[PDB]
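In what follows, a single structure is set out as structure tokens and then discussed.
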Amino acid sequence: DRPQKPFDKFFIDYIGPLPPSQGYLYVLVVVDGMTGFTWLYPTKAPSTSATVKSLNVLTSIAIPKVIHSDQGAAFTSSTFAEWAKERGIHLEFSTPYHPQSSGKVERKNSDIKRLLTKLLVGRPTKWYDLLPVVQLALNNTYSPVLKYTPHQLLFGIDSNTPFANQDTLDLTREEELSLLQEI
Amino acid sequence: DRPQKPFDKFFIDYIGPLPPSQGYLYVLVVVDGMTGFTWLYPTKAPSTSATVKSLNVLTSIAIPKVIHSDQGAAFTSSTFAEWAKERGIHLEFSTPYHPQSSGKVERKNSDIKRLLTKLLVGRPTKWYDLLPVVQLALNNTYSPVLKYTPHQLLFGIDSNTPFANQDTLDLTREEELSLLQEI
Amino acid sequence: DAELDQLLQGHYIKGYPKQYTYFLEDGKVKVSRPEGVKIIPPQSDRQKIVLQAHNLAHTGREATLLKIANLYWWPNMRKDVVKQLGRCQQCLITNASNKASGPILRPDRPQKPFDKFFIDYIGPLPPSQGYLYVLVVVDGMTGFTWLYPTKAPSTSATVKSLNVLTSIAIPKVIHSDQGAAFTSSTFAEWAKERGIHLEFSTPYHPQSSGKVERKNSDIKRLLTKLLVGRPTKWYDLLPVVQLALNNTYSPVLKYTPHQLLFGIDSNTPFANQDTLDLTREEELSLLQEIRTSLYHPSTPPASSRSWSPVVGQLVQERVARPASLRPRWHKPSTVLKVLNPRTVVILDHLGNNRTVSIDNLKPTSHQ
Amino acid sequence: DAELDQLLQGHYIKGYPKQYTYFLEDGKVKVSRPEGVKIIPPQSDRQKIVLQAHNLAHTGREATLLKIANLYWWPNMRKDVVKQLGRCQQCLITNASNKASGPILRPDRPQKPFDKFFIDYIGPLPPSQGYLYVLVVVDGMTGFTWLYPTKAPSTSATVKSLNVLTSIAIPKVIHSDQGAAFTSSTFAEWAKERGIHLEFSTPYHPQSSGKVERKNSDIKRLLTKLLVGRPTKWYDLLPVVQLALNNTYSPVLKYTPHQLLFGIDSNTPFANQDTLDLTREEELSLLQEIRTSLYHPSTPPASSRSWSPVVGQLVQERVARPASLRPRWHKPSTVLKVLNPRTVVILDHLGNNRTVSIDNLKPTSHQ
DNA sequence: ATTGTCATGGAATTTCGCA
DNA sequence: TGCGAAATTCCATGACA
DNA sequence: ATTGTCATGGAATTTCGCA
DNA sequence: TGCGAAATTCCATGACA
Ligand SMILES: Nc1c(C(=O)NCc2ccc(F)cc2F)c(=O)n(O)c2ncc(CCCCCO)cc12
Ligand SMILES: Nc1c(C(=O)NCc2ccc(F)cc2F)c(=O)n(O)c2ncc(CCCCCO)cc12
Ligand SMILES: [Mg+2]
Ligand SMILES: [Mg+2]
Ligand SMILES: [Mg+2]
Ligand SMILES: [Mg+2]
Ligand SMILES: [Zn+2]
Ligand SMILES: [Zn+2]
């Protein structure tokens, strides 16, 4: 078979609802399957409309051959199918209640959930401004399997913001106290 | 002696008062002594002020070495003397009650008086608009003594408006009837 | 199908070289070329392919072909590419030219004073005594210049000024640009009553009025110097500037405009006295010798990639005041007559006949 | 008197040639020269004479001398003329230069993507969804371009757009012109917090931002073509234009900005498939080979009459937005340091240090 | 303390297909 | 080892307020 | 049916003053 | 029939909205 390349397959999924941050409630996660590179777009709802608006931004930079998702309503709609057909994007769905992507992507989506949770606590309504630095951290994180970061695999260079101080990603015991107070 | 040249001597004099034509009552006559070329400037009064305004126009084209005039008040004033001194113009006056210029200039001033009179009658308040065509006629008039017109002696070329139809300059008997009616 | 059917079995078709093996795969005719495997589309698809590739970013010849060559190959691809570029209306009216105009003409200097006047307006200027503009009148032969301050660049103010000027002499021709004051019927009426032929520049080309335009530069340059460290009260300076420039030497001619018009200096500072012992008739004889022998430049060398107009050629006129995000060029038009190497008549985009400068034309690309 | 007294009796004085007879007439020392009889003024009068002749129309060297030579003669007249021209403040600040700048530099292309960004604003444009301007961000190495519509060319709108962009990567340097949005302290604060060095062009010299300026031309050219025969609704087209230009081939490079940034085409029409059998690591190895070997132009030949700056030279900076009838040049200033053949530091007319482009300087005439 | 750029289409040059 | 045609490269031109 | 122009100051060339 | 300096001519540069 042909070797795996960037833009061969984007994996998309929604995270939310979250505490409101400048009127936004959800986060559309897009992960490149080969490089692990991640894009994050905040939306007001997990709808076909908000998905198309966010992906119209991303697809003005690069168009994937395949978009993979679960059977969420926003992705199985015929509006989203017409949108993907106009751009030559093949849609690909996992079986209901059996979400399968890939080991590299599974662990990346795991990192995003825990990294959001760790920075949510203490400032739960201010995550909209932090999404840029979250992406930089995720995309300049050393891969155990491959030798390189997502940034290196996508652009073929070192980055001007390396994250050598690999944060623990676990919740400190004081963050459990303030997290157990709210929700 | 050195041969006579243009701009060696301007002869100036006032003609008026005349019937009002767009608020103007007098005419400042300027004649070049060598060529017979004539400039006509309408003024509201025979004052030093109106003389200086008219001659400021003419002296932005060419400055004479000498200005010759009678002992009129406008020309003998110290304001006009200061004006001529600033431009390097020597002032020259005829004896009172004995106006002497030159044969060429005397006959030219005669032509201007009679040519104005002939076109005044019938349209006495519309001479302001006719001063351009009056100058063209005077400056393209054949000289008996010299072979050439004032235009030819000044510019060294033929003119685009020659006046071959030399008008009689005398008053027809019907113009005497309408002239004897008014003034 | 038909052309490509004989190719698969092994017959020779003109344009398709023989030394490459043409096979079939995925229901498509392909070929193994040094760059890689390429699809050979049927003849009926190629126009659509060239169009799809061009319309991505409306790219030119090489940039469009580099797209097509990633997937496809067929004989003489650039011919089909160039055919589409010549039919794409948007590219023709939006793209810039890459051919320069032919070298400028240097029209013969008018033979006599008052043969040709050049007139133009300077302004608007800072208000001075309620005046905003200046009417500049330049004699073509001598360079002698008359200045008149006006409150608007109007036909009424032009007629009032030229009536004062034509007290001295009537000119044969008055040359102007196509500004509103000179193109009105009132101004043509004023000129016909006096036997003056009105001559107009080709539109949007002030080179053609270059004699008075260049004098406008000197007028403003002197006014600027005289007003340094002062409020810009220029109304009282116009007579000074007029007299100063008319008595200023042209280093290449060795004469002042006053000397070329009169043949003798008036009572100005540093007046020349070389002809003091000659009579006026001897002076005017030397003046006719001086006028005919004045230096005159010639056409410069053409730049290495210039174009010159041919009758029947497709050309496009430049849009005059193009709006934002709108094309800079009109639709193609045809050259009816070549008046000179730099001036032509064209059959306008509306249907009219229009006389234009070559600087406001580009030759339509791809014939 | 003293110098001219010995001349009349017949002694030799240096500068006054011997073969001409110097006589006295009207109380003035004269001389019979081939042009005619000329007055020799005493040394103490000559500066005043040169000044009177120059001030008539503030004329240059030859035009001023031709006035003086009508009446006067003395040894080395043009030296006294040139001395006055160098002291006339009005001529120095009003006259144009007649020496061209030295040939342009072609700075080395940035080695890596995100080493240097070039940013600039296009606008104002016709209103589209309440938006009037476009923020254009161009990567120096690749030419990859990001477009952002804004309602004003403000610092606030710049920060909002660049926060979205720097989600992808942080650049080392951001180059901009000295527009208000990029020179504010708010923008410097935003850049220092992210480790971004701000680099600014010399003032009033958009050549220095030429990479993004040239991209502005392509953006507007494509928008123009897409809007032919339609209302200018450009807001919805920015994503299309961005994608189209980033995937457009540069005929001289043989690559698209997308290919130089990623080393592989995404799912766009006519995507290149040459590296299909290579691994990504083999692909990125070929990408580093392609980036280093890109074509790079060199400095063109200097024009035959150019000037290059020397430390300590008197130069004058161009006035930025000169008012009507006001000089085009500042007063003379001194070159402190030569940063490169096209960029210098000068001791400003106010007293400050100022970094300027050579195109906005002229060398002061007559030393 | 900073610096011109590059798409475009005829023309010029090189390469190809065949012998 | 050489020809005619095609393909490629060259590069002046102009426009980014 | 119309068309570039010319002041400017360093550089290049010619002429001058003397032998 | 020749030299150094002065005088003259040459001409690229830029600006007339
Ligand atoms: N634009 C005009 C210029 C001008 O741009 N001058 C600068 C200039 C640029 C280049 C060059 F070589 C010389 C040169 F002087 C101008 O001088 N005049 O007088 C105008 N008079 C009127 C109209 C409005 C259009 C009228 C109909 C035109 O067909 C414009 C202009
Ligand atoms: N005038 C500006 C131009 C411009 O003229 N572009 C045309 C152009 C001309 C020539 C060339 F080679 C390229 C090129 F693009 C521009 O592009 N930008 O972005 C500006 N941005 C801001 C300000 C206002 C002054 C800010 C402080 C400047 O120091 C002006 C400009
Ligand atoms: Mg005009
Ligand atoms: Mg003009
Ligand atoms: Mg700008
Ligand atoms: Mg710009
Ligand atoms: Zn097109
Ligand atoms: Zn001066």
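As shown in the structure tokens, the chain order sets the letters A, B, ...; within each chain, residues go from 1, and ligands are also counted from 1 in the order they appear.
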Where does chain F meet stretch 9-19 of chain E within 10 Å, residue by residue, with the nearest atom pair and distance in Å to one decimal for each, counting only C-alpha atoms (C1' of nucleotides), listed by chain and rising number, as a tab-separated table?
```
residue	atom	partner	partner_atom	distance
F:2	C1'	E:19	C1'	9.0
F:3	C1'	E:19	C1'	9.2
F:5	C1'	E:16	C1'	8.7
F:6	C1'	E:16	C1'	7.2
F:7	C1'	E:15	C1'	6.9
F:8	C1'	E:14	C1'	6.8
F:9	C1'	E:13	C1'	7.0
F:10	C1'	E:12	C1'	6.9
F:11	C1'	E:11	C1'	9.3
```
Residue list for chain F near chain C as a compact mmCIF listing (two decimals) with C-alpha atoms (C1' of nucleotides), in the first residue's frame, 8 Å, only C-alpha atoms (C1' of nucleotides):
```
# COMPACT_ATOMS: atom_id res chain seq x y z
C1' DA F 6 8.07 21.15 -29.30
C1' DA F 12 11.52 43.07 -19.80
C1' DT F 13 7.32 44.97 -18.20
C1' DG F 14 4.39 46.81 -14.75
```
Practice item. Show which residues sit within 10 Å of stretch 28-38 of chain C, as a count of residues only. Count only C-alpha atoms (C1' of nucleotides), and ignore same-chain residues fewer than 4 positions away. Key: 20
Could you write out, as a CSV table (one decimal) with N, CA, C and O atoms, in the first residue's frame, all the residues of chain A that DSSP marks as helix (DSSP H, G or I)?
```
chain,number,residue,atom,x,y,z
A,48,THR,N,-24.6,21.1,12.2
A,48,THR,CA,-24.0,21.1,10.9
A,48,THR,C,-23.5,22.5,10.5
A,48,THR,O,-22.5,22.7,9.8
A,49,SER,N,-24.3,23.5,10.9
A,49,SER,CA,-24.0,24.9,10.6
A,49,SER,C,-22.6,25.3,11.2
A,49,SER,O,-21.8,25.9,10.5
A,50,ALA,N,-22.5,25.1,12.5
A,50,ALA,CA,-21.2,25.5,13.1
A,50,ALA,C,-20.0,24.7,12.6
A,50,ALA,O,-18.9,25.2,12.6
A,51,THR,N,-20.3,23.4,12.3
A,51,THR,CA,-19.2,22.5,11.8
A,51,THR,C,-18.8,23.1,10.4
A,51,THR,O,-17.6,23.2,10.2
A,52,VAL,N,-19.7,23.4,9.6
A,52,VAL,CA,-19.4,23.9,8.2
A,52,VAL,C,-18.6,25.2,8.3
A,52,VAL,O,-17.7,25.5,7.5
A,53,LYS,N,-19.0,26.1,9.2
A,53,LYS,CA,-18.3,27.4,9.4
A,53,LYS,C,-16.8,27.1,9.8
A,53,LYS,O,-15.9,27.8,9.3
A,54,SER,N,-16.6,26.3,10.8
A,54,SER,CA,-15.3,26.0,11.3
A,54,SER,C,-14.4,25.3,10.2
A,54,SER,O,-13.3,25.7,9.9
A,55,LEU,N,-15.0,24.3,9.5
A,55,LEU,CA,-14.2,23.6,8.5
A,55,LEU,C,-14.0,24.4,7.3
A,55,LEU,O,-13.1,24.1,6.5
A,56,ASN,N,-14.9,25.4,7.0
A,56,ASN,CA,-14.6,26.3,5.9
A,56,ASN,C,-13.3,27.1,6.1
A,56,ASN,O,-12.6,27.5,5.2
A,57,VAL,N,-13.0,27.4,7.4
A,57,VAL,CA,-11.7,28.1,7.7
A,57,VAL,C,-10.6,27.1,7.5
A,57,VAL,O,-9.6,27.4,6.8
A,58,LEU,N,-10.7,25.9,8.0
A,58,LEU,CA,-9.6,24.9,7.9
A,58,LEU,C,-9.4,24.5,6.4
A,58,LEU,O,-8.2,24.3,6.0
A,73,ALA,N,-25.1,13.7,14.9
A,73,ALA,CA,-26.1,14.2,14.0
A,73,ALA,C,-25.5,15.2,13.0
A,73,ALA,O,-25.9,15.3,11.9
A,74,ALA,N,-24.6,16.1,13.5
A,74,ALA,CA,-24.0,17.1,12.7
A,74,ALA,C,-23.3,16.6,11.5
A,74,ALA,O,-23.2,17.2,10.4
A,75,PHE,N,-22.7,15.4,11.7
A,75,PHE,CA,-21.8,14.8,10.6
A,75,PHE,C,-22.6,13.9,9.7
A,75,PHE,O,-22.2,13.7,8.5
A,76,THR,N,-23.7,13.3,10.1
A,76,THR,CA,-24.5,12.4,9.3
A,76,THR,C,-25.6,13.1,8.5
A,76,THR,O,-26.3,12.5,7.7
A,78,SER,N,-27.5,15.5,5.6
A,78,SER,CA,-27.3,15.6,4.2
A,78,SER,C,-26.7,17.0,3.8
A,78,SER,O,-26.1,17.1,2.7
A,79,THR,N,-26.8,18.0,4.7
A,79,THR,CA,-26.2,19.2,4.4
A,79,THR,C,-24.6,19.1,4.5
A,79,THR,O,-23.9,19.6,3.7
A,80,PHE,N,-24.2,18.3,5.5
A,80,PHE,CA,-22.7,18.1,5.6
A,80,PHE,C,-22.3,17.1,4.5
A,80,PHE,O,-21.1,17.3,4.0
A,81,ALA,N,-23.1,16.2,4.1
A,81,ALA,CA,-22.7,15.3,3.0
A,81,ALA,C,-22.6,16.1,1.7
A,81,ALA,O,-21.7,15.9,0.9
A,82,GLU,N,-23.5,17.1,1.4
A,82,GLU,CA,-23.4,17.9,0.2
A,82,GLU,C,-22.2,18.8,0.3
A,82,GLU,O,-21.5,19.0,-0.7
A,83,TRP,N,-21.9,19.3,1.5
A,83,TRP,CA,-20.7,20.1,1.7
A,83,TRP,C,-19.4,19.3,1.4
A,83,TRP,O,-18.5,19.8,0.7
A,84,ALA,N,-19.3,18.1,1.8
A,84,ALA,CA,-18.1,17.3,1.6
A,84,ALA,C,-18.1,16.9,0.1
A,84,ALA,O,-17.0,16.8,-0.5
A,85,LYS,N,-19.2,16.6,-0.5
A,85,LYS,CA,-19.2,16.2,-1.9
A,85,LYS,C,-18.7,17.4,-2.8
A,85,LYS,O,-18.0,17.1,-3.8
A,86,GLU,N,-19.1,18.6,-2.5
A,86,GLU,CA,-18.6,19.8,-3.3
A,86,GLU,C,-17.1,20.0,-3.2
A,86,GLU,O,-16.6,20.5,-4.2
A,103,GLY,N,-4.7,4.4,17.2
A,103,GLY,CA,-3.9,4.6,18.4
A,103,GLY,C,-3.3,6.0,18.6
A,103,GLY,O,-3.4,6.6,19.7
A,104,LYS,N,-2.7,6.5,17.5
A,104,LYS,CA,-2.1,7.8,17.6
A,104,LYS,C,-3.2,8.9,17.8
A,104,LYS,O,-3.0,9.8,18.6
A,105,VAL,N,-4.3,8.7,17.2
A,105,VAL,CA,-5.4,9.7,17.3
A,105,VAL,C,-6.2,9.5,18.6
A,105,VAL,O,-6.5,10.5,19.2
A,106,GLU,N,-6.4,8.3,19.0
A,106,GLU,CA,-7.0,8.0,20.3
A,106,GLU,C,-6.2,8.7,21.5
A,106,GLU,O,-6.8,9.4,22.3
A,107,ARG,N,-4.9,8.5,21.5
A,107,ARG,CA,-4.1,9.1,22.5
A,107,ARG,C,-4.1,10.6,22.4
A,107,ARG,O,-3.9,11.3,23.4
A,108,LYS,N,-4.1,11.2,21.2
A,108,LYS,CA,-4.2,12.6,21.0
A,108,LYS,C,-5.4,13.2,21.5
A,108,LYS,O,-5.4,14.2,22.3
A,109,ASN,N,-6.6,12.6,21.2
A,109,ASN,CA,-7.9,13.1,21.8
A,109,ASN,C,-7.9,13.0,23.3
A,109,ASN,O,-8.5,13.8,24.0
A,110,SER,N,-7.2,12.0,23.8
A,110,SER,CA,-7.1,11.8,25.3
A,110,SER,C,-6.3,13.0,25.8
A,110,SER,O,-6.7,13.6,26.8
A,111,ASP,N,-5.2,13.4,25.2
A,111,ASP,CA,-4.4,14.5,25.6
A,111,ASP,C,-5.2,15.8,25.6
A,111,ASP,O,-5.1,16.6,26.6
A,112,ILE,N,-6.0,16.0,24.6
A,112,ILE,CA,-6.8,17.2,24.5
A,112,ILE,C,-7.8,17.4,25.7
A,112,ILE,O,-8.0,18.4,26.3
A,113,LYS,N,-8.5,16.3,26.0
A,113,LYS,CA,-9.5,16.3,27.0
A,113,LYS,C,-8.8,16.6,28.4
A,113,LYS,O,-9.3,17.5,29.1
A,114,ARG,N,-7.7,15.9,28.7
A,114,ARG,CA,-7.1,16.2,30.0
A,114,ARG,C,-6.4,17.5,30.0
A,114,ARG,O,-6.4,18.2,31.1
A,115,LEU,N,-5.9,18.0,28.9
A,115,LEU,CA,-5.2,19.3,28.9
A,115,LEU,C,-6.2,20.4,29.0
A,115,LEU,O,-5.9,21.5,29.7
A,116,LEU,N,-7.4,20.3,28.4
A,116,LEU,CA,-8.5,21.2,28.6
A,116,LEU,C,-8.9,21.3,30.1
A,116,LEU,O,-9.1,22.3,30.7
A,117,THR,N,-9.2,20.1,30.7
A,117,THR,CA,-9.6,20.0,32.0
A,117,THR,C,-8.7,20.7,33.0
A,117,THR,O,-9.1,21.3,33.9
A,118,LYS,N,-7.4,20.5,32.8
A,118,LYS,CA,-6.4,21.0,33.7
A,118,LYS,C,-6.3,22.5,33.7
A,118,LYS,O,-6.1,23.2,34.7
A,119,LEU,N,-6.6,23.2,32.5
A,119,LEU,CA,-6.6,24.6,32.4
A,119,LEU,C,-8.0,25.2,32.6
A,119,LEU,O,-8.1,26.4,32.8
A,120,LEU,N,-9.0,24.4,32.5
A,120,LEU,CA,-10.4,24.9,32.8
A,120,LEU,C,-10.5,25.3,34.3
A,120,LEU,O,-11.0,26.3,34.6
A,131,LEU,N,-7.1,28.7,23.7
A,131,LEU,CA,-7.0,27.7,22.6
A,131,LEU,C,-5.8,27.9,21.7
A,131,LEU,O,-5.2,26.9,21.3
A,132,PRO,N,-5.3,29.1,21.4
A,132,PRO,CA,-4.0,29.2,20.7
A,132,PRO,C,-2.8,28.5,21.4
A,132,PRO,O,-2.1,27.7,20.8
A,133,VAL,N,-2.6,28.8,22.7
A,133,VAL,CA,-1.5,28.1,23.4
A,133,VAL,C,-1.7,26.7,23.6
A,133,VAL,O,-0.7,25.9,23.7
A,134,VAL,N,-3.0,26.2,23.6
A,134,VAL,CA,-3.3,24.8,23.7
A,134,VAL,C,-2.8,24.1,22.5
A,134,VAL,O,-2.2,23.0,22.5
A,135,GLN,N,-3.2,24.7,21.3
A,135,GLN,CA,-2.7,24.0,20.0
A,135,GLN,C,-1.2,24.0,19.9
A,135,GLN,O,-0.7,23.0,19.5
A,136,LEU,N,-0.5,25.1,20.2
A,136,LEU,CA,0.9,25.1,20.2
A,136,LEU,C,1.5,24.0,21.1
A,136,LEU,O,2.4,23.3,20.6
A,137,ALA,N,1.0,23.8,22.3
A,137,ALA,CA,1.5,22.7,23.2
A,137,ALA,C,1.2,21.4,22.6
A,137,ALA,O,2.1,20.5,22.5
A,138,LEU,N,0.0,21.1,22.1
A,138,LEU,CA,-0.3,19.8,21.5
A,138,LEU,C,0.5,19.5,20.3
A,138,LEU,O,1.0,18.4,20.1
A,139,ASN,N,0.8,20.5,19.4
A,139,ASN,CA,1.5,20.3,18.2
A,139,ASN,C,3.0,20.3,18.3
A,139,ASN,O,3.7,19.9,17.4
A,150,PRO,N,4.2,16.7,16.0
A,150,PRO,CA,3.3,17.0,14.9
A,150,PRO,C,3.8,18.1,14.0
A,150,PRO,O,3.7,18.1,12.8
A,151,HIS,N,4.3,19.2,14.7
A,151,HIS,CA,4.8,20.3,13.9
A,151,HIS,C,5.9,19.9,13.0
A,151,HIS,O,6.0,20.4,11.8
A,152,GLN,N,6.8,19.0,13.4
A,152,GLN,CA,8.0,18.6,12.6
A,152,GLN,C,7.5,17.8,11.4
A,152,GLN,O,8.0,17.9,10.3
A,153,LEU,N,6.5,16.9,11.7
A,153,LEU,CA,6.0,16.0,10.6
A,153,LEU,C,5.3,16.8,9.5
A,153,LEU,O,5.2,16.4,8.4
A,154,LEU,N,4.6,17.9,9.9
A,154,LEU,CA,3.8,18.7,9.0
A,154,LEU,C,4.7,19.7,8.1
A,154,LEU,O,4.4,19.8,6.9
A,155,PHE,N,5.6,20.4,8.8
A,155,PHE,CA,6.4,21.4,8.1
A,155,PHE,C,7.8,21.0,7.8
A,155,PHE,O,8.5,21.7,7.1
A,173,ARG,N,-3.6,17.9,43.8
A,173,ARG,CA,-4.6,17.6,44.8
A,173,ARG,C,-5.4,18.8,45.2
A,173,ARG,O,-6.6,18.7,45.6
A,174,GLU,N,-4.8,20.0,45.0
A,174,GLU,CA,-5.6,21.2,45.3
A,174,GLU,C,-6.6,21.5,44.1
A,174,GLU,O,-7.6,22.1,44.4
A,175,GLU,N,-6.2,21.1,42.9
A,175,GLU,CA,-7.1,21.3,41.8
A,175,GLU,C,-8.3,20.3,41.9
A,175,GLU,O,-9.4,20.6,41.3
A,176,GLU,N,-8.1,19.2,42.6
A,176,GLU,CA,-9.3,18.3,42.8
A,176,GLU,C,-10.2,18.9,43.8
A,176,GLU,O,-11.4,18.7,43.7
A,177,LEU,N,-9.7,19.7,44.8
A,177,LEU,CA,-10.6,20.4,45.7
A,177,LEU,C,-11.5,21.4,45.1
A,177,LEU,O,-12.7,21.5,45.3
A,178,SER,N,-11.0,22.2,44.2
A,178,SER,CA,-11.7,23.3,43.5
A,178,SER,C,-12.6,22.7,42.4
A,178,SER,O,-13.6,23.3,42.0
A,179,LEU,N,-12.2,21.5,41.8
A,179,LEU,CA,-13.0,20.9,40.8
A,179,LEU,C,-14.1,20.2,41.4
A,179,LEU,O,-15.2,20.1,40.8
```
Produce a table with one row for each residue of chain D that has an atom at most 10 Å from any atom of ligand 6, each row naming the nearest atom pair and its distance in Å at one decimal; use only C-alpha atoms and all ligand atoms; arrange rows by chain and rising residue number; format as a Markdown table.
```
| residue | atom | partner | partner_atom_place_in_ligand_line | distance |
| --- | --- | --- | --- | --- |
| D:119 | CA | ligand 6 | 1 (Mg) | 8.9 |
| D:120 | CA | ligand 6 | 1 (Mg) | 5.7 |
| D:121 | CA | ligand 6 | 1 (Mg) | 6.1 |
| D:122 | CA | ligand 6 | 1 (Mg) | 6.3 |
| D:123 | CA | ligand 6 | 1 (Mg) | 8.9 |
| D:136 | CA | ligand 6 | 1 (Mg) | 9.3 |
| D:176 | CA | ligand 6 | 1 (Mg) | 9.5 |
| D:177 | CA | ligand 6 | 1 (Mg) | 8.2 |
| D:179 | CA | ligand 6 | 1 (Mg) | 9.7 |
| D:205 | CA | ligand 6 | 1 (Mg) | 9.8 |
| D:206 | CA | ligand 6 | 1 (Mg) | 6.5 |
| D:207 | CA | ligand 6 | 1 (Mg) | 9.2 |
| D:209 | CA | ligand 6 | 1 (Mg) | 7.5 |
| D:210 | CA | ligand 6 | 1 (Mg) | 8.3 |
| D:211 | CA | ligand 6 | 1 (Mg) | 9.9 |
| D:212 | CA | ligand 6 | 1 (Mg) | 7.4 |
| D:213 | CA | ligand 6 | 1 (Mg) | 5.1 |
| D:214 | CA | ligand 6 | 1 (Mg) | 8.6 |
| D:215 | CA | ligand 6 | 1 (Mg) | 9.5 |
| D:216 | CA | ligand 6 | 1 (Mg) | 7.2 |
| D:217 | CA | ligand 6 | 1 (Mg) | 9.3 |
```
Could you please take those selected residues and save N, CA and C atoms as a tab-separated table (two decimals), in the first residue's frame?
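Dumped to selection-v5.tsv:
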```
chain	number	residue	atom	x	y	z
D	119	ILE	N	3.60	41.44	6.90
D	119	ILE	CA	2.19	41.77	7.05
D	119	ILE	C	1.95	43.20	6.58
D	120	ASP	N	0.72	43.44	6.12
D	120	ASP	CA	0.31	44.72	5.56
D	120	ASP	C	-1.20	44.70	5.45
D	121	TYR	N	-1.78	45.88	5.24
D	121	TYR	CA	-3.21	46.04	5.07
D	121	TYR	C	-3.54	46.47	3.65
D	122	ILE	N	-4.58	45.86	3.09
D	122	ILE	CA	-5.22	46.33	1.87
D	122	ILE	C	-6.49	47.07	2.26
D	123	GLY	N	-6.75	48.19	1.59
D	123	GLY	CA	-7.98	48.93	1.83
D	123	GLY	C	-7.80	50.43	1.89
D	136	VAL	N	-3.15	41.08	5.31
D	136	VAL	CA	-2.43	40.12	4.48
D	136	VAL	C	-1.15	39.73	5.21
D	176	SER	N	6.87	44.67	9.04
D	176	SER	CA	5.74	45.50	8.64
D	176	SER	C	6.26	46.88	8.26
D	177	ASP	N	5.40	47.67	7.61
D	177	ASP	CA	5.72	49.07	7.41
D	177	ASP	C	5.37	49.85	8.68
D	179	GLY	N	3.01	51.74	9.52
D	179	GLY	CA	1.63	52.14	9.70
D	179	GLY	C	1.24	52.15	11.17
D	205	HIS	N	8.53	53.80	2.14
D	205	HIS	CA	9.31	52.97	1.22
D	205	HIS	C	8.71	51.57	1.16
D	206	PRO	N	7.59	51.38	0.45
D	206	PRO	CA	6.93	50.06	0.45
D	206	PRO	C	7.69	48.98	-0.32
D	207	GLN	N	8.74	49.34	-1.07
D	207	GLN	CA	9.65	48.33	-1.61
D	207	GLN	C	10.11	47.37	-0.53
D	209	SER	N	8.66	46.24	2.10
D	209	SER	CA	7.65	45.21	2.32
D	209	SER	C	7.24	44.52	1.03
D	210	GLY	N	8.13	44.48	0.04
D	210	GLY	CA	7.77	44.07	-1.31
D	210	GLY	C	7.17	42.68	-1.42
D	211	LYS	N	7.51	41.78	-0.49
D	211	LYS	CA	6.99	40.42	-0.56
D	211	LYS	C	5.48	40.40	-0.34
D	212	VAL	N	4.99	41.10	0.68
D	212	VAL	CA	3.55	41.15	0.91
D	212	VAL	C	2.88	42.12	-0.06
D	213	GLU	N	3.55	43.21	-0.44
D	213	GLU	CA	2.97	44.12	-1.42
D	213	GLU	C	2.70	43.42	-2.74
D	214	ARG	N	3.67	42.63	-3.22
D	214	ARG	CA	3.47	41.91	-4.48
D	214	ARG	C	2.34	40.90	-4.36
D	215	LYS	N	2.16	40.30	-3.18
D	215	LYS	CA	1.03	39.40	-2.97
D	215	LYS	C	-0.29	40.16	-2.96
D	216	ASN	N	-0.29	41.40	-2.45
D	216	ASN	CA	-1.49	42.23	-2.51
D	216	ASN	C	-1.96	42.42	-3.95
D	217	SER	N	-1.01	42.54	-4.88
D	217	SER	CA	-1.35	42.68	-6.29
D	217	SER	C	-2.08	41.44	-6.80
```
Practice item. Within 9 Å of ligand 7, which residues show up when you count only C-alpha atoms (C1' of nucleotides) and all ligand atoms? List them as JSON, numbers by chain, please. Key: {"C": [51, 54, 55, 56, 57, 58, 59, 60, 84, 85, 86, 87, 88, 89, 90, 91, 92, 94], "D": [225]}
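With distances restricted to only C-alpha atoms, D:266 is the closest residue to residue A:60 from D:266, D:95, D:184, D:308.
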Practice item. Extract the full set of strand (DSSP E) residues from chain A according to DSSP on the backbone, and format it as a ChimeraX atom specification. Key: /A:9-15,26-32,38-43,66-69,90-93
